[PDB]
Each structure stands twice: as structure tokens, then as C-alpha cells.
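**Q** Input: one structure, supplied below.
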Amino acid sequence: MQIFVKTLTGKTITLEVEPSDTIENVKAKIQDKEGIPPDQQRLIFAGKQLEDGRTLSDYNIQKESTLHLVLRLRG
Amino acid sequence: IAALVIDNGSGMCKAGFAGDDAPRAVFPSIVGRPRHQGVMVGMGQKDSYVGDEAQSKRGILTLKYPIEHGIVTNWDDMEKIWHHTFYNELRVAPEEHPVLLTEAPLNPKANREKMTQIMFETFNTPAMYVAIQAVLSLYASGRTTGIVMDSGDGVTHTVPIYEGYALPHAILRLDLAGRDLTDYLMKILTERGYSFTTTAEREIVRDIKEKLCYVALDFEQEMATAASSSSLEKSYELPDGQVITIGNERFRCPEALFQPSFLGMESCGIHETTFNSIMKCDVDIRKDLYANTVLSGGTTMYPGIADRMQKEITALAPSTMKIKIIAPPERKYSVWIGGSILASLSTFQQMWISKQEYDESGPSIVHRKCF
Amino acid sequence: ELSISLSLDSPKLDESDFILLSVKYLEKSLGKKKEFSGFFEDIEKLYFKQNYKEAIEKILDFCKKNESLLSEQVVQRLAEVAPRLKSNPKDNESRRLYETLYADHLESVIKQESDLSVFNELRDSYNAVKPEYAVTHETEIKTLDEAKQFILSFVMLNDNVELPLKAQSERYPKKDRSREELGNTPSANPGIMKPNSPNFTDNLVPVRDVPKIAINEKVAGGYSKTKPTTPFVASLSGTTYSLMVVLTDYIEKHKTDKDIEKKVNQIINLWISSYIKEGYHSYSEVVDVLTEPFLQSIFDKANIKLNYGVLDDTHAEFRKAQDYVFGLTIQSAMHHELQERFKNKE
Ligand SMILES: Nc1ncnc2c1ncn2[C@@H]1O[C@H](COP(=O)(O)OP(=O)(O)NP(=O)(O)O)[C@@H](O)[C@H]1O
């Protein structure tokens, strides 16, 4: 698959992925491409915060699906 | 004034007085009533037999077991068991004696109240308290943080305790205990060729178990010794005079605790239950639980159990982990013993539920004074 | 009376316990002479607001002014123990039970005083300020639970939208939550109560996994060094800023409304109850963000005076926590006797 991830800027990260892959897996691929720490990440699809355990399949995320990434600010 | 301690634990009830290091009365948790009415005639409004005398007359009686899994299920029967223990086993006026009583883990709320209503309204004790069986067992070994494995007649429990408190989110109940083991022993001895199938034959096998079974350190190794030697075969004189010999059956029966499959049970063994229980606790207390596994009850009473558990938990735990199994020689009555110590501590005198409190607040007072 | 002396022997005794225990002893011994009615009402109000220093002082300036009707033996221990009392944000267990019980009371109250008309009106304000990725709330709110599920969704506005607001704080920058990921742990305990803590049997909740959060003790001026009487659940809330963005929109669009103070309080109050019950935060972890003058400026200009969830009787909760502290502390006493007995038989 090829999903899309959208930053508050509007910029679009395009990723190569499998319905097999977990959310933890997805954030890792974001760290590889953009350098954003997995623990800083909060992915959203269908208005729902995306948990690390589940699979893209458990979330009806299919081909060409577009996800929203928000990064956390803390101390 | 003497306090009473009653462990209504699974099939066997242990009662006695606090201060003593042993219960004075132990007897089955059994009530039977006549099968036919023709036997009540001329018997002075008596209707019931309780405990040992009910086992002798099971031919003329219909037997009921109120606490087979450690949870009271018939309160009409449980009152008779309690009458019997107060008036007949202990020969005491319960209205003169504060009464420490014992309850299983995960006992439903309704049951703690009912127990408290009966203890106060039916027997009119001055005070009472309710403790969790496994916690008292920990106390009898001088600990307040550890994980107890309590196993008696009809139920086994792994109970993680932190500072006197059983952690409700990690308590595990195993429905495999002493009576499931006495039945397997029968099966495997019948497979050799000695027949044990009648109720009076179960009781024979229960003696051979308690006297000749042990836990092998390595199952596979002991089987080899048995088939390559006679060193371990033991003899038993039966009631008719017949001498039967016991071979690998001696250790194959308690193996069912670590290997529950021997009985057609897909659950895990008492070692993996212990691990699994410890893994439903905060990693920040597991170190203390590993170093304080306390074995408790009549089913923990087999030579070689502690050495075995030490070896099994060592194989499931992290490499760097101090594992210590504590299994006193008095471990069968360790709950009761915890009761007697607790009930005879000075500070516990302030910790009773008083008749005054019960009248003021009702049976629910048990939830606020007995955690 | 002997029991209390044995409870004051606890090494873990905090400012909360002392207030609860000491008032318990003053309430038994004095009885309900109405002259003292006010001392008891006042102490409970001071307790809720975490003004422990004023209450311990008032308590001690009441035990001396009535020693004739009290045991001076007990007043002694109370006064010796007092100057040494602290509060441990990682172990404020009696207060963790009190607030959890209060939150259920606060909800019961607003369930009996609320046309949930405010919450149906807020939906418009949320949809306006929600991020593109948040779901529009389309259904109508009939239950208070649906009102809870709505207001607790304002967390989708987090890390965006509330940033211009959060950035004007001087308090939040001293948040003490550690970034360390400790995962979740199992618990059957309600609210802000800790998982391995002792509880009444009619106060359990079905077992679920709950978040393990650690304090960063290096934050200079950290909130938990500043307010040790607040139990640490997750430090300060920045979702509080999110309720603020939505609330500002609502006040702006309902300024003409005459019952706005009542309505905004209903939302603030349900938010506060819900956060404690859900385990998300402690009370001061939310109230101490809202009371910051810059955010209070938003209410003063609309002429809204928040009550911050203060009720008229925290009496049932106060009393159940006394039962809890006596329980915890004779437990500790009893454990000290047993251990000593085994060390003399070992
Ligand atoms: N972010 C969160 N979301 C949901 N629940 C939370 C969150 N943070 C804490 N909790 C709850 O907090 C409750 C008890 O944990 P808590 O007692 O706050 O931790 P703790 O052991 O006191 N941490 P510390 O202060 O470091 O000792 C649980 O019931 C959790 O549900």
C-alpha cells in the first residue's frame, strides 16, 4: 500500500506500507523518513487517536488512505 | 477472653483458639440430611448430620458441600457447619468469643456481608473480623509483601500481596486442587490393575497420596529411575490385608499440578500461574514477589514441591532474579496459623468489628473495616 | 482513643491523614455539641481546598482550647507529630480516595441540576474550533454520559489550536511529567487512586489497564515540589487550554445570555469530575491551570464567576476517608507488631 500522512503544515509524507504493519511500525517509518521521534507522534484516522498495538487493517486503512500526524510538545 | 479462629477453607474446616499454634478441630465441610424419612422417626427433631458423622452415614444421607470452591454457596448449610464448629467441635458459647473468620480471594461483596450478618445475628458474637486466606498465610511466615500459592481441597489460588493487601487485578484462581489429584491417583492405579472406584475406595487413595506421593525434581529423570530401578516403589497395606505396591504413581499424581493436561485440562500449571500472576503486577514490585513465594495448604504438602517450584520459576523468570520459595513444614494449616497470630496481637484488639458497630451500620460495615 | 495513638505512630503519615484522623477523634469525643458545629464545617472546607497549614493550626488551636473535654494525652501526640508532617505527591493515598469519591458526588449533583442544554449548544462551538481531523459532533446529547464523551474529546484539539493559549502561561512551563514511557498497568481501583493501594471492597471497579506516569524530579520549580499536597496523576493538564478555546467561542456567542455563569460552571464542573473519575488528572492539576490570571481574564470580562466544583457538603466523602485512614494506619501499626514478634522467635 501507499498511505499518506499530513502534517499541520499541510505537507505530505508518502509511505510504503502493508496492512500487516502495526502503528508502531508506521511511526518508525516516519522516523526514518523525517526524523520525528516515535514517542513524539500521535497519528489520527477517522477522528480517532491511533493506538500502537493495532494494525492498519484493524482500522480500515486501505490503499491511498490519508492520515493526520500531530507532534507533541512537552518538557 | 479467648478469640476463635475458623478457616472455612475449601473442603476442610480448621477451627480453634487464638494463641494456639494448631487448630483443635479439623473436619470435612460436609452436611447431609436423610435420604428417606423413615430414619428421622424417634430421633428428636434432629434433621442433619455435619462433618465427620455425615461421612460415616453417607449411605443413609444426601450430602451437600457448601464451600467446595472456597466460596460459600448455601447459607442454610453453612450455618449448620458453623453451629457444629462452635457448639460441638469447640464446645464454646460463640457469644463469649470474638471470632476471626476466613474468606477466599475475590469473594463477592454480597458474601462478606451475609457472613457478617449471620456471625452477628445468628450466633451473637461480640466481635468479628474477616481476612483473606492467603494473606494470613503470608503473615504466618512473618511477611506482609509476597505472593502466596494457596491450595487446599477444591481450589488453588495465586495471590499477590503488597503490604497486607491482595492485589485484585492479579489474583488467579485455578480449579485444580487436592480432590482432582486423588481422583487421578485412582485412575492410574486402576490402570495398573488395582481397583479403586467406590467412595470408600477414594478415601483409601487419599491416604496413599498423603503418605507416599512426592514431587519429582525432574519428571523425565524420575520416570527413568522408576523404569530402571525399584528404589522408589513403596508398599501399602490395604484395609483387607492386601499389600499393594506403588511405583511411578507416587510422583505422577502430584505432577498434575505442573502438568494439568494429565487430567484433560488445558489450563497452565501452578508454576506458570505464579509467573502469569506476577506479570499482572507493576514491574516495580515483582522483585519482591519473586523473593517471597509462600506455599500454603494441604495440596502444597508434598515432599519436593518447593525445590521443584524454585527450578520452574527460575526457568520462566529473568536470569537476574532472586527467587525464593518458602514452604514451612506446617504449611497445611498456615492460614489458620496466620489467624491465630493476628487475633492474638495486641493491636488487633482495636481492629475488631464490634457488635455496637454492627447494630449502628449493618452488615455492610464489613467493607470499611476489613480490606 | 488508644487506636488513634497507634495510628499516629505511622511513619508514612501525611498532612491529609492527620487532618482526617484528628477530626475523627475530635468528633467522637466532643460529640455533636452544636457550638462546635462550625469548626467541623470549616475544617472540611479548608481540607478540600488543600489549605492544610490553616487547618492543622486551627485543629491545634482547638485542642488546647477544649483540653478539659479532651484527653490531653492524645493532644500531646498530635502536637508532636504536627511540625514534622509532609505530603508526598507520589503517595497521597487518603486524598486520592477522597477526590475520587468527591468526583462521583460532583457528577451526581450536576446530573440533578442540568438540562444538558449547555452541552448541546457547545457542540457548535466545538465544530467551529475543531481541527480539520476531528470529527464533527452531529448527534444530540440526551445523557450526561454523552455529554462526558463529548467534552472529553476536546483532546483532539491538543498540540495545535491551544498552542497560542498555552504559550501565555508561566505555570505550565513548570510541569513535572517525565517523558519516560512506562506503559500501562492493571488496576481495579477507581479514579486517582493508585493501583497497588488498599481499598474498600464496595469501592472496586472492573480490572482495566491504566497509565504509568513518572515524575521528573529535575524540573526546577516543578509543580509537585510546589504543591506536594496534590496527588500526582499526570501533572498539569493542557487539555484544559483546549476546553478554553472552545469555551471562549461559546462565551463569545452566548454573551447576551443571562444564565451563562450557570452554564459554563456546569461544563467546568463536569470536566473536573470526569477528569478525576477517569484517572486522567487530579483536581489541582486542572484547577491550577484554569485559575491562572490570563485565563481567568476571559471569564471576568464575560462576568462569569466560577465555583470550581466546590459543593456545600463534602461530608460523606470526608468521613469515608477517615475510615480509610484509620484502616490504613492501624494496618501499618498491626504490621509493625507482627514483624517484631517474628523477629523475636526467628
Ligand atoms: N493520562 C492518563 N490517562 C488515563 N488514566 C490515567 C492517566 N494518568 C494516570 N491515570 C490513572 O491513574 C490511576 C492511578 O495511577 P496513579 O496513582 O496516578 O500513578 P502513581 O503510581 O501514583 N504515579 P507516582 O505519582 O509516580 O507514584 C489509574 O487508575 C490510571 O487510570
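Scheme for the C-alpha cells: letters A, B, ... for chains in order shown; per-chain residue numbers from 1; ligand numbers from 1 in order shown.
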Show me which bits of chain A are within 10 Å of chain C, counting only C-alpha atoms, as a ChimeraX atom specification.

**A** /A:8,39-40,42,44-49,67-75

**Q** Any chance you can output those residues with N, CA, C and O atoms as a PDB file, in the first residue's frame?

**A**
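Output file result-v4.pdb is given in full below:
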```pdb
ATOM      1  N   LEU A   8       0.483  19.303  10.269  1.00  0.00           N
ATOM      2  CA  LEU A   8      -0.249  20.549  10.452  1.00  0.00           C
ATOM      3  C   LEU A   8       0.141  21.616   9.436  1.00  0.00           C
ATOM      4  O   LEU A   8      -0.654  22.540   9.188  1.00  0.00           O
ATOM      5  N   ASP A  39       7.908   8.409  20.036  1.00  0.00           N
ATOM      6  CA  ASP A  39       7.214   8.879  21.228  1.00  0.00           C
ATOM      7  C   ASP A  39       6.661  10.291  21.070  1.00  0.00           C
ATOM      8  O   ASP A  39       5.782  10.699  21.835  1.00  0.00           O
ATOM      9  N   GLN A  40       7.152  11.056  20.118  1.00  0.00           N
ATOM     10  CA  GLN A  40       6.551  12.358  19.900  1.00  0.00           C
ATOM     11  C   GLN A  40       5.296  12.290  19.041  1.00  0.00           C
ATOM     12  O   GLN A  40       4.673  13.326  18.807  1.00  0.00           O
ATOM     13  N   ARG A  42       1.552  11.237  17.294  1.00  0.00           N
ATOM     14  CA  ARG A  42       0.138  10.964  17.606  1.00  0.00           C
ATOM     15  C   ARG A  42      -0.550  10.913  16.244  1.00  0.00           C
ATOM     16  O   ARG A  42      -0.731  11.967  15.649  1.00  0.00           O
ATOM     17  N   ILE A  44      -3.719  10.062  13.537  1.00  0.00           N
ATOM     18  CA  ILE A  44      -5.173  10.141  13.648  1.00  0.00           C
ATOM     19  C   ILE A  44      -5.803   9.743  12.324  1.00  0.00           C
ATOM     20  O   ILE A  44      -5.379  10.213  11.263  1.00  0.00           O
ATOM     21  N   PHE A  45      -6.840   8.909  12.397  1.00  0.00           N
ATOM     22  CA  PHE A  45      -7.608   8.453  11.244  1.00  0.00           C
ATOM     23  C   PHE A  45      -9.031   8.232  11.712  1.00  0.00           C
ATOM     24  O   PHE A  45      -9.253   7.653  12.785  1.00  0.00           O
ATOM     25  N   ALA A  46      -9.990   8.693  10.910  1.00  0.00           N
ATOM     26  CA  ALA A  46     -11.385   8.554  11.286  1.00  0.00           C
ATOM     27  C   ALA A  46     -11.688   9.317  12.574  1.00  0.00           C
ATOM     28  O   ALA A  46     -12.546   8.903  13.360  1.00  0.00           O
ATOM     29  N   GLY A  47     -10.948  10.365  12.887  1.00  0.00           N
ATOM     30  CA  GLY A  47     -11.167  11.138  14.092  1.00  0.00           C
ATOM     31  C   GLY A  47     -10.734  10.467  15.336  1.00  0.00           C
ATOM     32  O   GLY A  47     -10.941  10.981  16.417  1.00  0.00           O
ATOM     33  N   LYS A  48     -10.075   9.345  15.196  1.00  0.00           N
ATOM     34  CA  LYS A  48      -9.737   8.524  16.350  1.00  0.00           C
ATOM     35  C   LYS A  48      -8.222   8.469  16.526  1.00  0.00           C
ATOM     36  O   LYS A  48      -7.492   8.219  15.560  1.00  0.00           O
ATOM     37  N   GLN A  49      -7.756   8.678  17.749  1.00  0.00           N
ATOM     38  CA  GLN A  49      -6.351   8.501  18.053  1.00  0.00           C
ATOM     39  C   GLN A  49      -5.964   7.084  17.777  1.00  0.00           C
ATOM     40  O   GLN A  49      -6.637   6.165  18.223  1.00  0.00           O
ATOM     41  N   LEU A  67      -3.642   9.938   6.454  1.00  0.00           N
ATOM     42  CA  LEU A  67      -3.576  10.038   7.909  1.00  0.00           C
ATOM     43  C   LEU A  67      -3.106  11.423   8.337  1.00  0.00           C
ATOM     44  O   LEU A  67      -2.474  12.151   7.568  1.00  0.00           O
ATOM     45  N   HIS A  68      -3.419  11.787   9.579  1.00  0.00           N
ATOM     46  CA  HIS A  68      -3.032  13.083  10.122  1.00  0.00           C
ATOM     47  C   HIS A  68      -2.102  12.894  11.308  1.00  0.00           C
ATOM     48  O   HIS A  68      -2.437  12.193  12.269  1.00  0.00           O
ATOM     49  N   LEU A  69      -0.940  13.533  11.231  1.00  0.00           N
ATOM     50  CA  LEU A  69       0.100  13.419  12.235  1.00  0.00           C
ATOM     51  C   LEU A  69       0.154  14.703  13.041  1.00  0.00           C
ATOM     52  O   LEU A  69       0.207  15.788  12.461  1.00  0.00           O
ATOM     53  N   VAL A  70       0.137  14.590  14.366  1.00  0.00           N
ATOM     54  CA  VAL A  70       0.400  15.728  15.243  1.00  0.00           C
ATOM     55  C   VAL A  70       1.552  15.372  16.177  1.00  0.00           C
ATOM     56  O   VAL A  70       1.624  14.250  16.691  1.00  0.00           O
ATOM     57  N   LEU A  71       2.443  16.334  16.353  1.00  0.00           N
ATOM     58  CA  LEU A  71       3.606  16.133  17.200  1.00  0.00           C
ATOM     59  C   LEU A  71       3.441  16.798  18.513  1.00  0.00           C
ATOM     60  O   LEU A  71       2.987  17.906  18.601  1.00  0.00           O
ATOM     61  N   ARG A  72       3.839  16.125  19.542  1.00  0.00           N
ATOM     62  CA  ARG A  72       3.649  16.617  20.867  1.00  0.00           C
ATOM     63  C   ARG A  72       4.672  17.534  21.436  1.00  0.00           C
ATOM     64  O   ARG A  72       5.857  17.336  21.269  1.00  0.00           O
ATOM     65  N   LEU A  73       4.207  18.562  22.120  1.00  0.00           N
ATOM     66  CA  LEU A  73       5.098  19.500  22.755  1.00  0.00           C
ATOM     67  C   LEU A  73       5.064  19.317  24.246  1.00  0.00           C
ATOM     68  O   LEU A  73       4.012  19.384  24.838  1.00  0.00           O
ATOM     69  N   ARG A  74       6.205  19.075  24.858  1.00  0.00           N
ATOM     70  CA  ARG A  74       6.293  18.802  26.288  1.00  0.00           C
ATOM     71  C   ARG A  74       7.713  19.139  26.740  1.00  0.00           C
ATOM     72  O   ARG A  74       8.576  19.471  25.924  1.00  0.00           O
ATOM     73  N   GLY A  75       7.960  19.024  28.046  1.00  0.00           N
ATOM     74  CA  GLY A  75       9.276  19.307  28.616  1.00  0.00           C
ATOM     75  C   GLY A  75      10.046  18.109  29.144  1.00  0.00           C
ATOM     76  O   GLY A  75       9.652  16.966  28.910  1.00  0.00           O
TER      77      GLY A  75
END
```

**Q** Any idea which chain C residues end up within 6 Å of chain B if we count only C-alpha atoms, as a ChimeraX atom specification please?

**A** /C:3,187-188,198,200-201,207,334,339,342

**Q** Taking only C-alpha atoms and all ligand atoms into account, report as a ChimeraX atom specification which residues have an atom no farther than 8 Å from an atom of ligand 1.

**A** /C:89-91,96,187-196,209-215,231-234,278-281

**Q** Considering only C-alpha atoms, return as a PyMOL selection string whatever protein or nucleic-acid residues lie within 10 Å of residue B:175, sequence-local ones (same chain, fewer than 3 positions apart) excluded.

**A** chain B and resi 69+151+154-157+172+180+265+267

**Q** Taking the chain letters and numbering used in this document, name the residues of chain A that DSSP puts in helix (DSSP H, G or I), as a list in words.

**A**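 Residues of chain A classed as helix (DSSP H, G or I): residues 23, 24, 25, 26, 27, 28, 29, 30, 31, 32, 33, 38, 39, 40, 57, 58 and 59 of chain A.
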
**Q** Could you list, as a PyMOL selection string, every residue within 12 Å of residue B:190, counting only C-alpha atoms and ignoring same-chain residues fewer than 4 positions away?

**A** chain B and resi 183-186+194-198+201-202+205+244+246+249

**Q** Contacts of residue B:291 at 10 Å or less, counting only C-alpha atoms, minus same-chain residues fewer than 5 places along, as a list in words?

**A**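 With the cut-off at 10 Å, the set is residues 145, 146, 147, 286, 321, 322, 323, 324, 325 and 326 of chain B.
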
**Q** Compile the contact shell of residue A:66 as a VMD selection string: residues with an atom at most 7 Å away, counting only C-alpha atoms, same-chain residues fewer than 4 positions apart removed.

**A** chain A and resid 3 to 5

**Q** Which residue, B:123, B:219, B:75, B:82, has the smallest gap to residue B:14 when you use only C-alpha atoms?

**A**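 The closest residue to residue B:14 is B:82.
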
**Q** Would you pick out the contacts of residue B:137 at 7 Å or less, using only C-alpha atoms, so that residues sharing its chain but fewer than 2 positions from it are not included, and give the list as number ranges by chain?

**A** B: 133-135, 139-141, 296, 334-335, 338

**Q** For the residues in that selection, give me N, CA, C and O atoms as a compact mmCIF listing (two decimals), in the first residue's frame.

**A**
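Result went into selection-v1.txt, see below:
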```
# COMPACT_ATOMS: atom_id res chain seq x y z
N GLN B 133 -7.69 -15.68 53.03
CA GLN B 133 -6.93 -16.84 53.47
C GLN B 133 -5.44 -16.66 53.17
O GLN B 133 -4.60 -16.75 54.07
N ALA B 134 -5.11 -16.39 51.91
CA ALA B 134 -3.72 -16.30 51.51
C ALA B 134 -2.97 -15.22 52.28
O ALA B 134 -1.77 -15.37 52.55
N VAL B 135 -3.63 -14.13 52.67
CA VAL B 135 -2.90 -13.08 53.38
C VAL B 135 -2.44 -13.58 54.75
O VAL B 135 -1.30 -13.34 55.16
N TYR B 139 1.24 -13.92 56.60
CA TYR B 139 1.56 -13.39 57.93
C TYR B 139 2.19 -14.46 58.80
O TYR B 139 3.01 -14.16 59.67
N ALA B 140 1.81 -15.72 58.59
CA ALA B 140 2.37 -16.79 59.41
C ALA B 140 3.84 -17.03 59.11
O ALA B 140 4.52 -17.69 59.89
N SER B 141 4.33 -16.52 57.98
CA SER B 141 5.75 -16.58 57.67
C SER B 141 6.45 -15.26 57.96
O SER B 141 7.59 -15.09 57.52
N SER B 296 1.20 -22.94 50.54
CA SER B 296 0.21 -22.93 51.60
C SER B 296 -0.88 -23.97 51.34
O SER B 296 -1.36 -24.08 50.22
N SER B 334 -1.40 -23.25 57.53
CA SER B 334 -0.76 -21.96 57.57
C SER B 334 -1.74 -20.79 57.60
O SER B 334 -1.46 -19.79 58.22
N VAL B 335 -2.85 -20.88 56.88
CA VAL B 335 -3.94 -19.92 57.00
C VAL B 335 -4.39 -19.85 58.45
O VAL B 335 -4.27 -18.81 59.11
N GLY B 338 -1.84 -18.12 60.62
CA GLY B 338 -1.91 -16.68 60.44
C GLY B 338 -3.06 -16.06 61.22
O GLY B 338 -2.91 -14.99 61.83
```

**Q** Please report, as a list in words, each residue of chain A to which DSSP assigns strand (DSSP E or B) when run on this structure's backbone.

**A**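 Of chain A, the ones in strand (DSSP E or B) are residues 2, 3, 4, 5, 6, 7, 12, 13, 14, 15, 16, 22, 41, 42, 43, 44, 45, 48, 49, 55, 66, 67, 68, 69, 70 and 71 of chain A.
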
**Q** Could you save the residues just selected, with C-alpha atoms, as a CSV table (one decimal), in the first residue's frame?

**A**
```
chain,number,residue,atom,x,y,z
A,2,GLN,CA,0.8,3.7,-0.2
A,3,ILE,CA,-0.6,5.8,2.6
A,4,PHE,CA,-0.3,9.5,3.1
A,5,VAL,CA,0.5,11.3,6.3
A,6,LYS,CA,-0.3,15.0,6.7
A,7,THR,CA,1.4,17.5,9.0
A,12,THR,CA,2.5,15.2,2.8
A,13,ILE,CA,4.7,12.2,3.8
A,14,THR,CA,4.0,9.3,1.4
A,15,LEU,CA,4.8,5.9,2.8
A,16,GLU,CA,5.0,2.3,1.5
A,22,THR,CA,1.3,-2.1,13.2
A,41,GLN,CA,3.9,11.0,17.5
A,42,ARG,CA,0.1,11.0,17.6
A,43,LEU,CA,-1.5,9.6,14.4
A,44,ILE,CA,-5.2,10.1,13.6
A,45,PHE,CA,-7.6,8.5,11.2
A,48,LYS,CA,-9.7,8.5,16.4
A,49,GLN,CA,-6.4,8.5,18.1
A,55,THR,CA,-2.9,-3.0,12.7
A,66,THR,CA,-4.7,9.7,4.3
A,67,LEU,CA,-3.6,10.0,7.9
A,68,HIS,CA,-3.0,13.1,10.1
A,69,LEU,CA,0.1,13.4,12.2
A,70,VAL,CA,0.4,15.7,15.2
A,71,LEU,CA,3.6,16.1,17.2
```

**Q** Out of C:272, C:2, C:246, C:69, which residue has the shortest atom-to-atom distance to residue C:128 when counting only C-alpha atoms?

**A**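 That would be C:246, the residue with the smallest distance to residue C:128.
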